[PDB]
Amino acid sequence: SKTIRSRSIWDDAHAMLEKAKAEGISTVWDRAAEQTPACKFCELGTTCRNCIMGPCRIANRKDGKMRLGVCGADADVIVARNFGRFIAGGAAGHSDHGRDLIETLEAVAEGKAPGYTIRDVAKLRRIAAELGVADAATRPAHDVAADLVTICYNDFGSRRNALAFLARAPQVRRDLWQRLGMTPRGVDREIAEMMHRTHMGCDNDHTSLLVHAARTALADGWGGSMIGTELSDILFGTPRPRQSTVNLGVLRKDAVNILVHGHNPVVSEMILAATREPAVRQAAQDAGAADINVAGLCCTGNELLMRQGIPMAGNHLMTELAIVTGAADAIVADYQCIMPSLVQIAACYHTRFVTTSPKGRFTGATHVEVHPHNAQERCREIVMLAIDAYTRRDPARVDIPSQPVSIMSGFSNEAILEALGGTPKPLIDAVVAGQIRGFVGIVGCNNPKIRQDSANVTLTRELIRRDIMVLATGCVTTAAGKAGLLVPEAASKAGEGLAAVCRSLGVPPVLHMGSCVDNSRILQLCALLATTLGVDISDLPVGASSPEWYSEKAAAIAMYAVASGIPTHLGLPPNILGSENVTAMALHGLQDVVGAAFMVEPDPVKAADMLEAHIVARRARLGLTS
């Protein structure tokens, strides 16, 4: 099928799309076609529903009519408020994630979280000391955890002048944020202030709205997400390099297949632990399975990969196709980026669709709510549901289409520094010498507007060919992994300088750094490099790219990268092109404010050209002559 071929570059996606068509199962691609053409006002951002004097639409008419909303707001204000609420939704997605990790560490510190513990005590004491906990090196671990919990919760309060982890940013960058009124103060506060500013008759200046959009996103990258990453390492272990596999072939016909979907390792890590209990394994054996096979989807899959080496079944647009294999006995979901279509596709099979979060409710799902105090009991119950579902699997409808592809994961900053000998100097020396021209974080989603992973893979291949090391997070992990680029042998696909450094270190030219929350690791790495060199992040040869993004979370990441000084490419435009002034600020004006700007470019080769050009300009401003 030419239609099926154009929807993905991967054979496992093609096979399941053929199977879905034969069974009459509609997919995300089919509904994307139904929603094309899109509403032009919605696509341009020139529409507002923020009060019932409206709703309003804006046009650029020579007769002057419909230039303003009923309240008098123009296209610049309307577009900027819509973009601000878009970013606020993304920041909120990460904020609640981080909040749940604080709650879990608190429960551990109180001794009220059976099955949870502090699995990286050394990092707990290091992070606590970094953030000002007294005597963090020597006091009892649960006391230190309690004080760290208080620091993190206070960043979710309204009394700080700056978030705790913001101290990692170089002084020049913190001074810039302070002058601009961009310093993030509270993780929830900035989100709430964005919703206030975008109410009718509050903030009606597009520049002011975009500045607070930056502040809101910064409260994610340096707050909600960074707290989420660092406490996740403390509770579940700091990632270290390890081998795994990727694609739909990680599912096993002879096993109970449990797919974890969403973002919360507080659930997926306890699901994994339940599948390892002797009586649970025995129940699977008694049902006829060879054993129990946990496989990851989305960000929670990324995190199980980073910390446990659990193979990943696929990324965003693979999620429906994973069920169509007919071998998914249960989907265990928490929250964010979980398409509700999965509930209906699971209903075409035996698959149990289990929700676990009070925030991730799906009509028709089997809800087994998980909290730290009951997770060990509840996750055992969920695995037993999966084993029962396995007994009802129809063998005539099973088709697992591929052989899994080997990958290497686990490149936390701690792992990178260890591979470098303990200091960033060997990496800095390679950048100075020109063996590594720079670094690009490729961090985006999938989007039905783009042939799945075609841009993700092409950009990754282009950058490493040009001696630009790629840091991969989120959906891009599966893309690069299936492309064979997440292994040390992929140094053969890099340019001569990057290949030599990778082979000297024994690492791939593409480093898996985790989930979308773990883009905070990229912020930490940039801050460390800038601080070591005595410059701003906006002076580093770095970039970020989201070639196939779709979510509000992805836009929030892009915004906090830009606001932190990282040039950021998007494959597709946000819904802002109805305002030339807002668009010009995003693409150009922000350069003269925060030292970086957005780029929109659907050709991944041209995107590589633009990212390299920024890196070349940054190298020149550092005076590098190589």
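The numbering used is simple: start at 1 and walk along the sequence shown.
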query	finding
Residue range whose averaged C-alpha B-factor is higher in the record, 529-537 or 141-149	529-537
Mean temperature factor over C-alpha atoms, higher-scoring stretch between 99-107 and 380-388	380-388
Peak C-alpha temperature factor (PDB record), options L259, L420, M195, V487	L420
Member of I442, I436, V79, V266 with the greatest C-alpha B factor (per the PDB record)	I436
Third assignment of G474 from its chain's C-alpha B-factors	middle
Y349, C-alpha B-factor rank within chain (lowest, middle or highest third)	highest
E414 CA temperature factor, ranked by third within the chain	middle
Within-chain third of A38 by Cα B-factor, per the entry	highest
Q403 - which third its CA temperature factor falls in, relative to the rest of the chain	highest
